[PDB]
file input.cif (mmCIF, C-alpha atoms (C1' of nucleotides))
data_data
#
loop_
_atom_site.label_atom_id
_atom_site.label_comp_id
_atom_site.auth_asym_id
_atom_site.auth_seq_id
_atom_site.Cartn_x
_atom_site.Cartn_y
_atom_site.Cartn_z
CA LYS A 9 109.82 147.59 74.50
CA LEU A 10 107.36 150.46 74.11
CA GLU A 11 106.30 151.49 77.60
CA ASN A 12 109.96 152.35 78.21
CA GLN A 13 109.86 155.29 75.80
CA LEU A 14 109.32 158.64 77.50
CA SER A 15 107.66 160.01 74.35
CA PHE A 16 105.16 157.16 74.23
CA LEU A 17 104.30 157.62 77.90
CA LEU A 18 103.58 161.32 77.51
CA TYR A 19 101.60 160.41 74.41
CA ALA A 20 99.39 157.61 75.79
CA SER A 21 98.93 159.08 79.24
CA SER A 22 97.81 162.39 77.72
CA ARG A 23 95.23 160.66 75.56
CA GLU A 24 93.91 158.80 78.62
CA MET A 25 93.62 161.98 80.70
CA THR A 26 91.54 163.42 77.88
CA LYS A 27 89.19 160.42 78.06
CA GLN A 28 88.74 161.23 81.76
CA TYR A 29 87.54 164.77 80.93
CA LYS A 30 85.05 163.44 78.36
CA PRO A 31 82.12 162.88 80.70
CA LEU A 32 82.71 166.19 82.44
CA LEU A 33 83.28 168.26 79.31
CA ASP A 34 80.25 166.75 77.60
CA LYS A 35 78.37 168.47 80.41
CA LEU A 36 79.53 171.89 79.27
CA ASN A 37 79.16 170.70 75.71
CA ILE A 38 82.80 171.42 74.77
CA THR A 39 85.98 169.56 73.78
CA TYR A 40 89.19 169.37 75.82
CA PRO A 41 91.01 171.93 73.64
CA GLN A 42 88.07 174.39 73.60
CA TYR A 43 88.16 173.90 77.35
CA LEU A 44 91.82 174.90 77.44
CA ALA A 45 91.09 178.04 75.44
CA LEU A 46 88.36 178.85 77.99
CA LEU A 47 90.76 178.53 80.92
CA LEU A 48 92.59 181.42 79.26
CA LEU A 49 89.52 183.40 78.37
CA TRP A 50 88.27 183.08 81.97
CA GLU A 51 91.41 184.71 83.31
CA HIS A 52 91.41 187.25 80.55
CA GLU A 53 88.10 188.12 78.86
CA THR A 54 89.89 188.96 75.60
CA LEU A 55 93.01 187.75 73.81
CA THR A 56 94.62 188.00 70.41
CA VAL A 57 94.61 184.74 68.52
CA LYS A 58 98.40 185.01 68.65
CA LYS A 59 98.38 185.12 72.44
CA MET A 60 96.19 182.03 72.71
CA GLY A 61 98.44 180.07 70.36
CA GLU A 62 101.54 181.09 72.31
CA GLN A 63 100.11 179.85 75.60
CA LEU A 64 98.50 176.66 74.27
CA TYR A 65 101.42 175.91 71.89
CA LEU A 66 99.17 175.66 68.86
CA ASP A 67 98.93 177.79 65.76
CA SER A 68 96.48 179.42 63.41
CA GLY A 69 96.20 175.96 61.82
CA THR A 70 94.24 174.65 64.74
CA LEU A 71 92.85 177.78 66.38
CA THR A 72 91.26 179.20 63.25
CA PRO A 73 88.84 176.30 62.82
CA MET A 74 88.48 175.66 66.56
CA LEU A 75 87.67 179.27 67.35
CA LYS A 76 85.13 179.23 64.52
CA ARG A 77 83.28 176.34 66.19
CA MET A 78 83.34 178.06 69.56
CA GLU A 79 82.00 181.21 67.88
CA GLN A 80 79.26 179.30 66.08
CA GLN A 81 78.41 177.84 69.47
CA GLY A 82 78.09 181.24 71.18
CA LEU A 83 80.94 180.90 73.67
CA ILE A 84 83.00 183.64 72.05
CA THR A 85 83.11 186.43 69.55
CA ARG A 86 85.92 187.53 67.20
CA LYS A 87 86.99 190.80 65.60
CA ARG A 88 90.03 192.33 63.96
CA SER A 89 92.40 194.29 66.19
CA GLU A 90 91.96 197.98 65.32
CA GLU A 91 95.45 198.94 66.52
CA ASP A 92 96.84 196.19 64.29
CA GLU A 93 94.49 195.03 61.54
CA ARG A 94 96.74 191.99 61.29
CA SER A 95 95.72 190.17 64.46
CA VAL A 96 92.30 188.98 65.66
CA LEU A 97 90.68 189.59 69.02
CA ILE A 98 88.80 186.77 70.75
CA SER A 99 86.25 187.70 73.43
CA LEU A 100 84.00 185.85 75.85
CA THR A 101 80.26 186.12 75.32
CA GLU A 102 78.10 186.21 78.46
CA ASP A 103 77.53 182.47 78.09
CA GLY A 104 81.21 181.77 77.70
CA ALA A 105 81.93 183.58 80.93
CA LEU A 106 79.05 182.00 82.80
CA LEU A 107 80.15 178.53 81.72
CA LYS A 108 83.02 178.94 84.16
CA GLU A 109 80.59 178.42 87.03
CA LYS A 110 79.76 174.96 85.68
CA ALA A 111 83.39 173.82 85.35
CA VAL A 112 84.59 174.47 88.90
CA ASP A 113 84.14 170.82 89.84
CA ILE A 114 86.64 169.62 87.22
CA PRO A 115 90.16 170.00 88.63
CA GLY A 116 89.21 168.37 91.91
CA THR A 117 87.39 165.61 90.05
CA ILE A 118 90.33 164.81 87.78
CA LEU A 119 92.64 164.97 90.78
CA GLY A 120 90.37 162.51 92.57
CA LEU A 121 91.58 160.23 89.78
CA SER A 122 95.17 161.20 88.94
CA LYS A 123 96.52 161.68 92.50
CA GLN A 124 95.05 158.21 92.97
CA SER A 125 98.53 157.23 91.79
CA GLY A 126 100.71 157.57 94.87
CA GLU A 127 103.62 159.99 94.42
CA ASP A 128 103.61 163.79 94.60
CA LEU A 129 102.16 164.97 91.30
CA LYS A 130 103.47 168.45 92.15
CA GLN A 131 106.79 166.81 91.38
CA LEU A 132 105.72 165.39 88.01
CA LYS A 133 104.24 168.74 87.09
CA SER A 134 107.52 170.54 87.92
CA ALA A 135 109.41 168.14 85.69
CA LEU A 136 107.01 168.55 82.78
CA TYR A 137 107.39 172.35 83.02
CA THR A 138 111.12 172.07 82.48
CA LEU A 139 110.88 169.31 79.86
CA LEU A 140 108.45 171.67 78.17
CA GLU A 141 110.92 174.52 78.37
CA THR A 142 113.59 172.18 76.98
CA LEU A 143 111.60 170.80 74.05
CA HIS A 144 110.54 174.39 73.37
CA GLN A 145 113.94 176.08 73.01
CA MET B 8 92.10 177.61 87.58
CA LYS B 9 95.14 178.82 85.59
CA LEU B 10 95.94 176.77 82.48
CA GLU B 11 99.66 176.28 83.10
CA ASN B 12 98.79 174.62 86.42
CA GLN B 13 96.94 171.60 84.97
CA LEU B 14 98.76 168.23 84.75
CA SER B 15 96.38 167.51 81.88
CA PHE B 16 97.68 170.50 79.92
CA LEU B 17 101.31 169.71 80.63
CA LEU B 18 101.00 166.12 79.32
CA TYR B 19 99.19 167.47 76.26
CA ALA B 20 101.68 170.25 75.48
CA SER B 21 104.81 168.26 76.29
CA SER B 22 103.65 165.29 74.21
CA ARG B 23 103.07 167.36 71.09
CA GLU B 24 106.37 169.14 71.67
CA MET B 25 108.15 165.81 71.81
CA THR B 26 106.36 164.79 68.60
CA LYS B 27 107.84 167.93 67.00
CA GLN B 28 111.29 166.66 67.98
CA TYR B 29 110.66 163.39 66.07
CA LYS B 30 109.43 165.12 62.92
CA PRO B 31 112.91 165.77 61.48
CA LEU B 32 114.05 162.23 62.22
CA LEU B 33 110.90 160.43 61.09
CA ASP B 34 110.59 162.59 58.00
CA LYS B 35 113.71 160.94 56.62
CA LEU B 36 112.05 157.53 56.98
CA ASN B 37 108.86 158.81 55.40
CA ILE B 38 106.63 157.96 58.33
CA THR B 39 104.83 159.70 61.19
CA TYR B 40 105.22 159.29 64.95
CA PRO B 41 102.11 157.10 65.36
CA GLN B 42 103.32 155.02 62.39
CA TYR B 43 106.70 154.77 64.05
CA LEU B 44 104.98 153.39 67.14
CA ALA B 45 103.20 150.61 65.26
CA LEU B 46 106.51 149.71 63.55
CA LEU B 47 108.17 149.51 67.00
CA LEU B 48 105.71 146.77 67.85
CA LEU B 49 106.22 145.14 64.48
CA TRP B 50 110.03 145.13 64.48
CA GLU B 51 109.82 143.20 67.74
CA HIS B 52 107.00 140.91 66.58
CA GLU B 53 106.62 139.96 62.89
CA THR B 54 102.82 139.64 63.10
CA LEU B 55 100.18 141.30 65.29
CA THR B 56 96.44 141.52 65.01
CA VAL B 57 94.84 144.93 64.67
CA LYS B 58 93.37 144.24 68.12
CA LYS B 59 96.72 143.63 69.80
CA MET B 60 98.07 146.81 68.23
CA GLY B 61 95.06 148.70 69.52
CA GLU B 62 95.66 147.30 72.97
CA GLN B 63 99.38 148.02 73.02
CA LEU B 64 98.90 151.45 71.46
CA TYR B 65 95.75 152.56 73.34
CA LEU B 66 93.91 153.11 70.05
CA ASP B 67 91.06 151.49 68.14
CA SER B 68 90.19 150.77 64.54
CA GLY B 69 89.08 154.28 63.74
CA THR B 70 92.55 155.61 64.12
CA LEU B 71 94.17 152.28 63.05
CA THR B 72 92.22 151.11 60.01
CA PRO B 73 93.08 154.33 58.11
CA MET B 74 96.64 154.42 59.44
CA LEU B 75 97.44 150.78 58.63
CA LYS B 76 95.92 151.34 55.19
CA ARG B 77 98.39 154.16 54.53
CA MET B 78 101.29 152.05 55.79
CA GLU B 79 100.22 149.18 53.52
CA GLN B 80 100.12 151.60 50.61
CA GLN B 81 103.58 152.74 51.72
CA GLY B 82 104.66 149.13 51.25
CA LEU B 83 105.60 148.74 54.92
CA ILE B 84 103.01 146.11 55.93
CA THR B 85 100.56 143.50 54.64
CA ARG B 86 97.01 142.98 55.98
CA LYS B 87 95.28 139.61 55.69
CA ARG B 88 92.12 138.25 57.31
CA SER B 89 92.83 135.86 60.19
CA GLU B 90 91.95 132.24 59.56
CA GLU B 91 91.51 131.50 63.27
CA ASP B 92 88.80 134.21 63.43
CA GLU B 93 87.55 135.61 60.12
CA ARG B 94 86.61 138.72 62.14
CA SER B 95 90.19 139.62 63.02
CA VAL B 96 92.95 141.09 60.89
CA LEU B 97 96.62 140.27 60.92
CA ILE B 98 99.24 142.92 60.25
CA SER B 99 102.57 141.70 58.91
CA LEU B 100 105.87 143.40 58.19
CA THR B 101 107.12 143.46 54.58
CA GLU B 102 110.71 143.11 53.49
CA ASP B 103 110.74 146.90 53.06
CA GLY B 104 108.93 147.37 56.34
CA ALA B 105 111.52 145.13 57.93
CA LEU B 106 114.58 146.80 56.42
CA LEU B 107 113.33 150.14 57.67
CA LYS B 108 114.25 149.12 61.23
CA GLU B 109 117.95 149.90 60.72
CA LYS B 110 117.34 153.51 59.64
CA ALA B 111 115.54 154.31 62.90
CA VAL B 112 118.50 152.99 64.91
CA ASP B 113 119.81 156.20 66.44
CA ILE B 114 116.45 157.98 66.81
CA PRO B 115 116.01 157.06 70.47
CA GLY B 116 119.53 158.36 71.10
CA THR B 117 118.98 161.75 69.47
CA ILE B 118 115.70 162.12 71.36
CA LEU B 119 117.05 161.24 74.79
CA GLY B 120 119.95 163.57 74.09
CA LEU B 121 117.83 166.58 73.23
CA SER B 122 115.60 165.91 76.25
CA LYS B 123 117.61 164.74 79.28
CA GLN B 124 117.66 168.42 80.33
CA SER B 125 114.94 167.81 82.96
CA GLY B 126 115.16 168.52 86.67
CA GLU B 127 115.59 164.84 87.50
CA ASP B 128 116.41 161.46 86.01
CA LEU B 129 114.15 160.23 83.23
CA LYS B 130 113.87 157.00 85.24
CA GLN B 131 111.72 158.87 87.72
CA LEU B 132 109.91 161.07 85.20
CA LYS B 133 109.14 157.96 83.18
CA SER B 134 108.09 156.00 86.24
CA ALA B 135 105.80 158.86 87.25
CA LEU B 136 104.09 158.89 83.86
CA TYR B 137 103.94 155.12 83.86
CA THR B 138 101.98 155.13 87.11
CA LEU B 139 99.68 157.96 86.01
CA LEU B 140 98.96 155.98 82.84
CA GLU B 141 98.24 152.76 84.71
CA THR B 142 95.83 154.62 86.97
CA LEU B 143 93.88 156.53 84.31
CA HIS B 144 93.45 153.26 82.42
"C1'" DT C 1 111.44 207.85 53.37
"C1'" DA C 2 110.03 204.39 49.62
"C1'" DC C 3 109.55 199.40 50.18
"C1'" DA C 4 111.67 195.10 50.70
"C1'" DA C 5 112.08 191.76 54.91
"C1'" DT C 6 108.64 190.57 58.54
"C1'" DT C 7 104.52 189.27 60.92
"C1'" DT C 8 99.69 187.52 61.79
"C1'" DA C 9 95.73 184.80 60.01
"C1'" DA C 10 93.66 182.32 56.93
"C1'" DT C 11 94.15 178.75 53.68
"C1'" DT C 12 95.67 173.90 51.88
"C1'" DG C 13 96.62 169.42 52.26
"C1'" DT C 14 97.71 165.20 55.02
"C1'" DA C 15 97.24 162.57 59.21
"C1'" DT C 16 95.65 161.30 63.44
"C1'" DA C 17 91.84 160.53 67.52
"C1'" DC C 18 87.45 158.97 68.83
"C1'" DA C 19 82.26 158.29 69.45
"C1'" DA C 20 78.58 155.99 67.24
"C1'" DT C 21 76.98 152.95 63.92
"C1'" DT C 22 77.40 148.99 60.90
"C1'" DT C 23 78.63 144.64 59.22
"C1'" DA C 24 80.22 140.06 59.39
"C1'" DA C 25 81.81 136.32 62.25
"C1'" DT C 26 81.70 133.75 66.48
"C1'" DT C 27 80.12 132.46 70.93
"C1'" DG C 28 77.33 131.13 75.88
"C1'" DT C 29 74.53 127.08 78.22
"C1'" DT D 1 69.44 123.35 65.98
"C1'" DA D 2 69.31 127.17 67.82
"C1'" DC D 3 70.46 132.03 68.31
"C1'" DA D 4 70.62 136.66 71.32
"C1'" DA D 5 74.44 138.63 72.56
"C1'" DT D 6 79.33 139.57 71.78
"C1'" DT D 7 83.00 140.83 69.34
"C1'" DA D 8 86.44 142.80 65.81
"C1'" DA D 9 87.06 145.85 61.91
"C1'" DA D 10 85.13 149.36 59.03
"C1'" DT D 11 82.87 153.01 58.43
"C1'" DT D 12 80.75 157.63 59.20
"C1'" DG D 13 80.86 162.37 61.36
"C1'" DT D 14 83.16 165.61 64.04
"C1'" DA D 15 87.38 167.80 65.82
"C1'" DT D 16 91.85 168.48 66.32
"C1'" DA D 17 97.25 168.96 64.98
"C1'" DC D 18 100.68 170.92 61.83
"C1'" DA D 19 103.73 171.96 57.66
"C1'" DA D 20 103.71 174.93 53.83
"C1'" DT D 21 101.84 178.53 51.33
"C1'" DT D 22 99.21 182.75 50.83
"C1'" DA D 23 97.47 187.41 51.75
"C1'" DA D 24 97.31 191.46 53.93
"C1'" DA D 25 98.95 194.72 57.37
"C1'" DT D 26 103.39 196.80 60.10
"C1'" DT D 27 108.40 197.49 60.40
"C1'" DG D 28 112.95 198.98 59.55
"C1'" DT D 29 116.19 201.40 57.31
#
call {"tool": "encode", "arguments": {"input": "input.cif", "output": "structure tokens"}}
result
Amino acid sequence: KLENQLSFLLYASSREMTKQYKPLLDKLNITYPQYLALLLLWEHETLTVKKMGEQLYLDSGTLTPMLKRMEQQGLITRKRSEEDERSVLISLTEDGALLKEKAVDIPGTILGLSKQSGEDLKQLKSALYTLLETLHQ
Amino acid sequence: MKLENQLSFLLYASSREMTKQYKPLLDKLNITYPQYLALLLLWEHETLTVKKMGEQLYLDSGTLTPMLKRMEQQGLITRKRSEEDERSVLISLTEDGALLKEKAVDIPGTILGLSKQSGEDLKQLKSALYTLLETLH
DNA sequence: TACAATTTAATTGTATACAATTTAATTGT
DNA sequence: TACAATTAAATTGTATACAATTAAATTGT
């Protein structure tokens, strides 16, 4: 079959979840990944591009262009690290930081959909953390 | 509102991490993960319409038209207009596309092997994701 | 301590995803 | 006969993903 493949599942369910964020994220005028970078920025006003990649499991290949868009949109600003001219520093603009106020309804909203399943999702999450540690050395 | 505590993020990271596990295996068959998925449907069903593939794969022409074009150029599949509905398109396996099945034989094995390190049986993990998928749909 | 391995981003090239629009074919009573 | 409304792929425009390569800025011996 196909629905019996763990990889597929993770793959199609993840793309469906994203479609659920679409109406919400259109509100804030951002994409799901930009949104994920913001969840970081909101807990830490500034971060090296390296740090973001590490936490989101993406690399310069994605972040470089994605951070450019966010910058061109006014949600962030970027500058070279002065203690290490090799890395780049990403910082929230006032807007970027304010935008957090408008995204507080999201988790609960998504949950009002996902938890609509039936079993403890705090279980599924726990699993995925490990799986993630596995698949990530 | 910490990133690492979002089911949405976990599905997204884990999925792409699994896809990285397939890369070495699929590289030897000269295809990609999404291509591999369409072939899975094709090895079990000689002919499928673009529409049925979209349905089974949770995709639409947009991701499929370009992908199936590459596969056709790779000599894996044929694409002919349906006679029963000149609006539909039928996707058929080629001798080469068909032979390819055998070389993907122990891919599931290798995957399962490098992943069964979770804090529970895949039967549950899979069933969890299956439910979450059904819901979000 | 000169400077060859090493690291961090940007750059290149290929391949999804998906909304929105378009085009051609088919359908509801 | 008719057709407005659907429908199924393509197509257009934007936005990721990621491997490999490149370039510049630390590191380690």
call {"tool": "interface_residues", "arguments": {"input": "input.cif", "of": "chain A", "to": "chain D", "cutoff": "10 Å", "atoms": "only C-alpha atoms (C1' of nucleotides)", "output": "ChimeraX atom specification"}}
result
/A:39-41,66-71,73-74,77,92-95
call {"tool": "write_last_selection", "arguments": {"input": "input.cif", "atoms": "C-alpha atoms", "output": "mmCIF file, in the coordinates of the input"}}
result
data_model
loop_
_atom_site.group_PDB
_atom_site.id
_atom_site.type_symbol
_atom_site.label_atom_id
_atom_site.label_comp_id
_atom_site.auth_asym_id
_atom_site.auth_seq_id
_atom_site.Cartn_x
_atom_site.Cartn_y
_atom_site.Cartn_z
ATOM 1 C CA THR A 39 85.980 169.560 73.780
ATOM 2 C CA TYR A 40 89.190 169.370 75.820
ATOM 3 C CA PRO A 41 91.010 171.930 73.640
ATOM 4 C CA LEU A 66 99.170 175.660 68.860
ATOM 5 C CA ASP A 67 98.930 177.790 65.760
ATOM 6 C CA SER A 68 96.480 179.420 63.410
ATOM 7 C CA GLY A 69 96.200 175.960 61.820
ATOM 8 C CA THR A 70 94.240 174.650 64.740
ATOM 9 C CA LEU A 71 92.850 177.780 66.380
ATOM 10 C CA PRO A 73 88.840 176.300 62.820
ATOM 11 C CA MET A 74 88.480 175.660 66.560
ATOM 12 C CA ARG A 77 83.280 176.340 66.190
ATOM 13 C CA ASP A 92 96.840 196.190 64.290
ATOM 14 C CA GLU A 93 94.490 195.030 61.540
ATOM 15 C CA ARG A 94 96.740 191.990 61.290
ATOM 16 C CA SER A 95 95.720 190.170 64.460
#
call {"tool": "residues_around", "arguments": {"input": "input.cif", "residues": "range 104-119 of chain A", "least_positions_apart": "2", "cutoff": "9 Å", "atoms": "only C-alpha atoms (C1' of nucleotides)", "output": "PyMOL selection string"}}
result
(chain A and resi 25+28-29+32-33+35-36+46-47+49-50+53+82-84+99-102+121-124) or (chain B and resi 8+13+15)
call {"tool": "interface_residues", "arguments": {"input": "input.cif", "of": "chain B", "to": "chain C", "cutoff": "7 Å", "atoms": "all atoms listed in the file", "output": "list in words"}}
result
residues 70, 93 and 94 of chain B
call {"tool": "resolve_selection", "arguments": {"input": "input.cif", "expression": "the PyMOL selection byres ((chain B and resi 111) around 10)", "output": "mmCIF file with C-alpha atoms, in the frame of the given file"}}
result
data_model
loop_
_atom_site.group_PDB
_atom_site.id
_atom_site.type_symbol
_atom_site.label_atom_id
_atom_site.label_comp_id
_atom_site.auth_asym_id
_atom_site.auth_seq_id
_atom_site.Cartn_x
_atom_site.Cartn_y
_atom_site.Cartn_z
ATOM 1 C CA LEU B 32 114.050 162.230 62.220
ATOM 2 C CA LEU B 33 110.900 160.430 61.090
ATOM 3 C CA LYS B 35 113.710 160.940 56.620
ATOM 4 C CA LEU B 36 112.050 157.530 56.980
ATOM 5 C CA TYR B 43 106.700 154.770 64.050
ATOM 6 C CA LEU B 47 108.170 149.510 67.000
ATOM 7 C CA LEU B 106 114.580 146.800 56.420
ATOM 8 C CA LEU B 107 113.330 150.140 57.670
ATOM 9 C CA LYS B 108 114.250 149.120 61.230
ATOM 10 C CA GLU B 109 117.950 149.900 60.720
ATOM 11 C CA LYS B 110 117.340 153.510 59.640
ATOM 12 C CA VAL B 112 118.500 152.990 64.910
ATOM 13 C CA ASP B 113 119.810 156.200 66.440
ATOM 14 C CA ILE B 114 116.450 157.980 66.810
ATOM 15 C CA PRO B 115 116.010 157.060 70.470
ATOM 16 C CA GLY B 116 119.530 158.360 71.100
#
call {"tool": "resolve_selection", "arguments": {"input": "input.cif", "expression": "the PyMOL selection byres ((chain B and resi 123) around 12)", "output": "JSON, numbers by chain"}}
result
{"A": [14, 135, 136, 138, 139, 140, 141, 142, 143], "B": [115, 116, 117, 118, 119, 120, 121, 122, 124, 125, 126, 127, 128, 129, 130, 131, 132, 133]}
call {"tool": "residues_around", "arguments": {"input": "input.cif", "residues": "range 23-29 of chain B", "least_positions_apart": "6", "cutoff": "7 Å", "atoms": "all atoms listed in the file", "output": "list in words"}}
result
residues 15, 143 and 144 of chain A; 40 of chain B
call {"tool": "atom_distance", "arguments": {"input": "input.cif", "atom1": "CA of residue 82 in chain B", "atom2": "CA of residue 102 in chain B"}}
result
8.8 Å
call {"tool": "atom_distance", "arguments": {"input": "input.cif", "atom1": "CA of residue 72 in chain A", "atom2": "CA of residue 73 in chain B"}}
result
25.5 Å
call {"tool": "decode", "arguments": {"input": "input.cif", "residues": "range 4-25 of chain D", "atoms": "N, CA, C and O atoms (P, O5', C5', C4', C3', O3' and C1' of nucleotides)", "output": "compact mmCIF listing (two decimals), in the first residue's frame"}}
result
# COMPACT_ATOMS: atom_id res chain seq x y z
P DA D 4 -24.71 30.46 -21.49
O5' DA D 4 -24.53 30.53 -19.91
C5' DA D 4 -25.68 30.54 -19.06
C4' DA D 4 -25.38 29.80 -17.78
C3' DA D 4 -24.16 30.32 -17.01
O3' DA D 4 -24.44 30.26 -15.60
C1' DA D 4 -23.77 28.07 -17.70
P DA D 5 -23.24 30.40 -14.54
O5' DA D 5 -22.86 28.88 -14.28
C5' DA D 5 -23.89 27.93 -14.01
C4' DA D 5 -23.27 26.60 -13.67
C3' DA D 5 -22.08 26.72 -12.72
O3' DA D 5 -22.10 25.61 -11.83
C1' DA D 5 -21.37 25.72 -14.73
P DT D 6 -21.31 25.69 -10.45
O5' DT D 6 -20.21 24.55 -10.62
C5' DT D 6 -19.77 24.21 -11.93
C4' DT D 6 -19.55 22.72 -12.04
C3' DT D 6 -18.29 22.24 -11.33
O3' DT D 6 -18.47 20.92 -10.83
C1' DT D 6 -18.02 22.10 -13.72
P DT D 7 -17.28 20.19 -10.04
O5' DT D 7 -16.33 19.72 -11.23
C5' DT D 7 -16.81 18.83 -12.22
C4' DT D 7 -15.69 18.45 -13.15
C3' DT D 7 -14.36 18.22 -12.44
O3' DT D 7 -13.75 17.05 -13.00
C1' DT D 7 -14.08 19.80 -14.17
P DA D 8 -12.68 16.21 -12.14
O5' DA D 8 -11.43 16.21 -13.13
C5' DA D 8 -11.60 15.84 -14.49
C4' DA D 8 -10.33 16.11 -15.26
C3' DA D 8 -9.07 15.89 -14.44
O3' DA D 8 -8.10 15.23 -15.25
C1' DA D 8 -9.15 18.16 -15.22
P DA D 9 -6.77 14.66 -14.58
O5' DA D 9 -5.66 15.34 -15.50
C5' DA D 9 -5.67 16.75 -15.64
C4' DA D 9 -4.94 17.19 -16.88
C3' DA D 9 -3.43 17.40 -16.70
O3' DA D 9 -2.80 17.41 -17.99
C1' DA D 9 -4.57 19.50 -16.68
P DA D 10 -1.20 17.57 -18.10
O5' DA D 10 -1.03 19.01 -18.76
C5' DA D 10 -1.84 20.08 -18.33
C4' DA D 10 -1.53 21.33 -19.13
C3' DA D 10 -0.08 21.77 -19.06
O3' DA D 10 0.23 22.55 -20.21
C1' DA D 10 -1.43 23.18 -17.68
P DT D 11 1.62 23.33 -20.29
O5' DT D 11 1.32 24.68 -19.51
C5' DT D 11 0.30 25.55 -19.99
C4' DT D 11 0.22 26.78 -19.13
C3' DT D 11 1.57 27.42 -18.79
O3' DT D 11 1.43 28.83 -18.93
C1' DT D 11 0.35 27.04 -16.81
P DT D 12 2.72 29.74 -19.25
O5' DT D 12 2.69 30.79 -18.06
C5' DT D 12 1.50 31.52 -17.79
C4' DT D 12 1.51 32.06 -16.37
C3' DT D 12 2.84 32.67 -15.93
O3' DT D 12 2.57 33.93 -15.31
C1' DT D 12 2.08 31.16 -14.29
P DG D 13 3.78 34.90 -14.94
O5' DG D 13 3.84 34.80 -13.36
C5' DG D 13 2.74 35.24 -12.57
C4' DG D 13 3.08 35.15 -11.11
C3' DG D 13 4.51 35.56 -10.79
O3' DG D 13 4.54 36.35 -9.59
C1' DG D 13 4.13 33.35 -10.04
P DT D 14 5.95 36.82 -8.97
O5' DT D 14 5.94 36.08 -7.57
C5' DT D 14 4.73 35.96 -6.85
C4' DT D 14 4.88 34.96 -5.73
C3' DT D 14 6.14 35.11 -4.88
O3' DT D 14 5.74 35.16 -3.51
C1' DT D 14 5.88 32.85 -5.60
P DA D 15 6.82 35.45 -2.36
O5' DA D 15 7.27 33.99 -1.89
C5' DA D 15 6.30 33.10 -1.33
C4' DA D 15 6.92 31.77 -0.96
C3' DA D 15 8.27 31.83 -0.27
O3' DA D 15 8.22 31.03 0.90
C1' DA D 15 8.31 30.24 -1.99
P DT D 16 9.31 31.26 2.04
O5' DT D 16 10.53 30.39 1.50
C5' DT D 16 10.96 29.23 2.18
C4' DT D 16 10.13 28.04 1.75
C3' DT D 16 10.70 26.70 2.19
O3' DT D 16 9.63 25.82 2.49
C1' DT D 16 10.56 26.74 -0.16
P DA D 17 9.91 24.56 3.43
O5' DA D 17 10.93 23.72 2.57
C5' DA D 17 12.22 23.42 3.05
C4' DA D 17 12.80 22.32 2.21
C3' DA D 17 14.22 21.93 2.59
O3' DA D 17 14.32 20.52 2.62
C1' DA D 17 14.14 22.48 0.29
P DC D 18 15.50 19.85 3.44
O5' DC D 18 16.66 19.74 2.36
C5' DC D 18 16.55 18.84 1.28
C4' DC D 18 17.76 18.95 0.40
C3' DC D 18 19.06 19.17 1.18
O3' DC D 18 20.08 18.45 0.53
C1' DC D 18 18.86 20.80 -0.44
P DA D 19 21.17 17.64 1.38
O5' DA D 19 22.11 17.11 0.22
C5' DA D 19 21.53 16.62 -0.99
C4' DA D 19 22.43 16.93 -2.16
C3' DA D 19 23.91 16.89 -1.78
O3' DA D 19 24.66 16.32 -2.85
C1' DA D 19 23.34 19.05 -2.59
P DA D 20 26.22 16.02 -2.65
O5' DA D 20 26.90 17.27 -3.36
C5' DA D 20 26.54 17.55 -4.70
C4' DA D 20 27.24 18.79 -5.19
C3' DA D 20 28.71 18.92 -4.82
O3' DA D 20 29.42 19.26 -6.01
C1' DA D 20 27.53 20.90 -4.19
P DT D 21 31.02 19.37 -6.00
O5' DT D 21 31.22 20.94 -6.05
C5' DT D 21 30.41 21.70 -6.95
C4' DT D 21 30.59 23.17 -6.71
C3' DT D 21 32.02 23.59 -6.39
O3' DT D 21 32.36 24.65 -7.27
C1' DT D 21 30.53 24.54 -4.82
P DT D 22 33.78 25.37 -7.14
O5' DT D 22 33.40 26.68 -6.33
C5' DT D 22 32.32 27.47 -6.77
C4' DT D 22 32.27 28.75 -5.98
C3' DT D 22 33.66 29.32 -5.70
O3' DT D 22 33.63 30.72 -5.95
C1' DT D 22 32.48 29.01 -3.67
P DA D 23 34.97 31.59 -5.77
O5' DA D 23 34.71 32.33 -4.40
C5' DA D 23 33.57 33.16 -4.24
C4' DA D 23 33.63 33.83 -2.89
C3' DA D 23 35.03 34.35 -2.56
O3' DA D 23 34.94 35.62 -1.91
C1' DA D 23 34.33 32.82 -0.91
P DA D 24 36.27 36.50 -1.68
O5' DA D 24 36.11 36.95 -0.16
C5' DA D 24 34.81 37.11 0.39
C4' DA D 24 34.80 36.67 1.84
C3' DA D 24 35.99 37.19 2.65
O3' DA D 24 35.51 37.64 3.91
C1' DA D 24 35.77 34.88 2.95
P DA D 25 36.37 38.70 4.74
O5' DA D 25 36.26 38.14 6.22
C5' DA D 25 35.01 37.68 6.71
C4' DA D 25 35.23 36.65 7.79
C3' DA D 25 36.33 37.04 8.77
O3' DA D 25 35.87 36.81 10.09
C1' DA D 25 36.79 34.89 7.86
